[PDB]
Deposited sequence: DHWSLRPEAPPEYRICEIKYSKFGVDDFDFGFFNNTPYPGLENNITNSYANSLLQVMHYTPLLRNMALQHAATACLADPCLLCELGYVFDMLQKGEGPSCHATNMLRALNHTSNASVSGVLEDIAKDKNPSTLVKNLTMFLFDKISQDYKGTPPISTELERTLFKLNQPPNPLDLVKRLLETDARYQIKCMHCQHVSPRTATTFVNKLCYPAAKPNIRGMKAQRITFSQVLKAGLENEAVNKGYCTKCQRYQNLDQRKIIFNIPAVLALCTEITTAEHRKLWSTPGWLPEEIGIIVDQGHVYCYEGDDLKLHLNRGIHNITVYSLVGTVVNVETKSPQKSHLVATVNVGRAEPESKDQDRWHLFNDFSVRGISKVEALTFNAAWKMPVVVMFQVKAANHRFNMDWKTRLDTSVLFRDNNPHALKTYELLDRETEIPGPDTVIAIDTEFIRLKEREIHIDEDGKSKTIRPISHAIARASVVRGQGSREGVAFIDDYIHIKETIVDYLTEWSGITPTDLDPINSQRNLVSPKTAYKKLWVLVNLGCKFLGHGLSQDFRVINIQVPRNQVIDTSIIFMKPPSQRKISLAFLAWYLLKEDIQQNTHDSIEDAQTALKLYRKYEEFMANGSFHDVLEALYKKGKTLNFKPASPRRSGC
């Protein structure tokens, strides 16, 4: 009937391999694995286990908004996982192609504090099981982005204010706590003199708890949130060690409810394999330090009769086992309808097996198999937050990073944008080109040049950032890029050497400002830059000068030689020059189209080898 009923993982659930060539990743047919408007994530990256989690979080409206409202600020923190989260979320909502990738964000994770000791790095972590890794990451991320959010005031808290029906705008500290934390504390009572003493409790992600017939998910959730225990400890009142009654007094439940299944035994898998065991909708009651959860018709009855906060199931991080050779990898089954305008079709579940995306039924999404298909992380959010969004992060996007000057050297190869006269917009055209280096084939941006495409200073660069790469560079590609170790050396560089996220922030802002990116073969640049740019914001000269059927692209050097009569390969490649070259080529294209000679020129371009 459906895939999850099979004794083994069907090809739709198996690991998807990327096949490589000399051309590289770009020639690989990602479109074969995804025919949906919902892009997947590529899995040829270190710590790519995060893909399933990133997907589930992205289609959680409160989480996506949270990240975007922060990323749109003037935050120059690097590494900063919340900013990186905003970038990835932005790519997943902008992406017109079949696949995206979170290279920059997984690289930044590797540099994040306490990452090497939180078991979130598959090369360092003790337990290298993907299910364990994504459990730790879920806890690690929720903790990190919570303090990242309060670091600098977000662009807008208007969504949350409306959601929580507040009158005055809430402050970040109280807000992020209501969104992610389970407000609670431990009441430690001496069982002799009945003396009570409090112990603070911090909880971002909760863990399910199982007993040991008719065991429900609501009961397992309730058992997980609460915590009653008895341990011997000293009592200050009666001056001796007594039995202490310790109960977790619960005050508030988070707007975003992340849950770890903690499946360890065979009995746990038998329980989860029960058809219809996982409800897509739950209601939780917090009364006098206790938590009461309801589901199904039992939930409907209580609602007809109180403090019942209805939660909607967003998605599930699922562990998929393969019998031979024995292993495991993660996929994501998500209802993408939660983050979309409300329609009649509420059931919009999709399978996110890395870059392989497929639509599935509610049954399949809520069906689990004790042999190979088991849930790891379950994501709920308040139903009132469904189909909600806020565009103030884009409307009031902070652009200070474009105008700020922190370059010590007086000799620059760029002239920054004037804050008054040169404010980028939808009509603004910019020419861009980058330079690559080799990492321990893995490429990385070593230099990014953006050039004015119009105005009196047309051709003059306003961005020429060199990247302080915190990785090990195998090859500088000096013949190909003209990049020397001195240019990237923080002590001896004469360049505007900046952090990776600092330079990325500029480009990310320019995209959301609506700017049109002009260049030659920009698809390779954007991939290594790790960004997604809409088609109507891309002016590519390699695409422009194609004769329609051939699909073969002309070199930048040949176009410059034939249309501009220039030799641009004399010295080593310079990203500013190559950007100016592409801009010149586009201006020639405008001339050819205007006088109606473009057809003849295009024909002339294709005559010999």
query	finding
Stretches with no C-alpha position, numbering per deposited sequence from 1	213-222, 316-317, 453-469, 639-653
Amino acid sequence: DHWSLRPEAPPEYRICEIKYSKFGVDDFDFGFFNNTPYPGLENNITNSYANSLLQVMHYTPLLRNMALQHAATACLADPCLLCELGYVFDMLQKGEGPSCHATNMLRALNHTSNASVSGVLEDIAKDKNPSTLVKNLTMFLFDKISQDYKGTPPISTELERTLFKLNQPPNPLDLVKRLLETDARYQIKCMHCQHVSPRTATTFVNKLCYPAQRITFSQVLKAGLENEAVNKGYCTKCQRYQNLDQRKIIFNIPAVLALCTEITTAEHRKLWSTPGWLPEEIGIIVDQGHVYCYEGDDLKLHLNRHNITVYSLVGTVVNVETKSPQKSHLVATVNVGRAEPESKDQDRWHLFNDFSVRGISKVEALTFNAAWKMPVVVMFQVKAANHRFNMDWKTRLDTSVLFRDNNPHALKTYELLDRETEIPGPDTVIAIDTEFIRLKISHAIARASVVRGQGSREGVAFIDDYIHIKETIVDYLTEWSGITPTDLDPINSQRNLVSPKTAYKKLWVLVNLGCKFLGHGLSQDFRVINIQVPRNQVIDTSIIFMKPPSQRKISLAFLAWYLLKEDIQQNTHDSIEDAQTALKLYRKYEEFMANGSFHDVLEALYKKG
From here on, numbers count along this sequence of modelled residues.
item	value
341-349 or 460-468, whichever carries the higher mean Cα B-factor	341-349
Segment of higher mean CA temperature factor, 118-126 or 310-318	118-126
Per the PDB entry, maximal CA B factor within 73, 206, 167, 216	167
Selection by C-alpha B-factor (highest) of 571, 65, 51, 575	571
Among modelled residues of the same chain, the CA temperature factor third for residue 38	lowest
Third of the chain's Cα B-factor distribution that residue 548 belongs to, per the entry	highest
CA B-factor ranking of residue 107, expressed as a third of its chain	middle
Third of the chain, ranked by Cα B-factor, where residue 455 sits	middle
Ranked against its chain, the third holding the CA B-factor of residue 22	highest
